[PDB]
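Read the numbers this way: they start at 1 and go in the same order the structure lists the ligands and their atoms. Below, all heavy atoms of this structure are taken into account, side chains as well, without hydrogens, waters or symmetry copies. Throughout, protein chains are lettered first and strands after them, A, B, ... in sequence-line order, and every chain is numbered starting at 1.
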Amino acid sequence: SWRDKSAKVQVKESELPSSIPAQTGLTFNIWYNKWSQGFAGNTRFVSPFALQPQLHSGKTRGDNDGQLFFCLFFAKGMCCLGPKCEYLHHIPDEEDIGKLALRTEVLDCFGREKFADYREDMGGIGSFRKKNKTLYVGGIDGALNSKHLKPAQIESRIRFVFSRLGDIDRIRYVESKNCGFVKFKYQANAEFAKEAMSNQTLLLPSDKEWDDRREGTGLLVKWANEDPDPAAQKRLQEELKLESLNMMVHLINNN
RNA sequence: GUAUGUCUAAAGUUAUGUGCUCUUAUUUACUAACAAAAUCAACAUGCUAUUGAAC
Ligand SMILES: [Mg+2]
Ligand SMILES: [Zn+2]
């Protein structure tokens, strides 16, 4: 269990990356922390860091302080504070979902405040209106450094990495669109896994490409739109009816 | 007073059907919104004319 050990320091303070982003203009703007005077070159890059849940999970100050929220940088695999962290260093579980069950309507599991509307990009923290449990997984070609790979092989990779990060309802890979969809049991695991897998590679140490994995752009993990598949739509309607019927019990017993 | 407007880099895909070396501006020089109402300082000291072949 993660409860059996103190949390590992993922990255040392001296090993942390610089705050100045890669140059895309002629002058660095000290206010905005971004380059001005021109805009050329891509801003995406592969994360140097990746979470290793069985290795890095452990107790922190947050477990003793009665903390609710998870560590954003633990998910990113780059937390500097390790066991001195105020935030929880483990994959979310039903105990902690239960502890989050009040705040979850307006907050992320990382304690970030949700928005009314999704970004046009469908990236970011997500909407307090929707209660979405599904991640879109794009940029898969860049996440493999453009290595040719069979579709079932890609699906097996996505199955491995995302299943470390929570209980899962469904994974599907679409070959024509070259994108994956991962649905979790709890929205907190979708929130967590999005930040854990954003900008990562799908490559292995076993791959021939592993020694240049940093060169491209990583995984592009976003919120999913509603599934247009009619089978999925009627499944969604069935679970909506079931949720409604389960809620009638509470309203009746309370009044 | 050196106009101004639109475009695009996006994202891969949102699930169904280093050499050499010229140069006394040898520059493709560019802008006109700006101003236009120009005359003091004139001028030398005494005015001119020219040629047809032949019966
Ligand atoms: Mg004008
Ligand atoms: Zn931390």
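- Vertex the Zn ion (ligand 2); arms to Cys71(A) atom SG and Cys85(A) atom SG; angle 110° (nearest 10°).
- Contact check on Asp4(A) versus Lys59(A) returns no salt bridge, with no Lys/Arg side-chain nitrogen under 4.0 Å from an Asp/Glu carboxylate oxygen.
- For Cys80(A), every N, O or S atom stays at 2.8 Å or more from the Zn ion (ligand 2).
- Partner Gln10(A) forms a side chain to side chain donor-acceptor pair (under 3.5 Å) with one of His89(A), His56(A), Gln52(A), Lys76(A) and no other, that one being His56(A).
- Within 6.0 Å of atom CZ in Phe49(A), more than 12 heavy atoms from other residues, nucleotides or ligands are found, so the atom counts as buried in its surroundings.
- In this structure, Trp2(A) and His90(A) have parallel ring planes: the angle between them is below the 30° cut-off, well short of the 60° mark.
- Vertex the Zn ion (ligand 2); arms to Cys79(A) atom SG and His89(A) atom NE2; angle 100° (nearest 10°).
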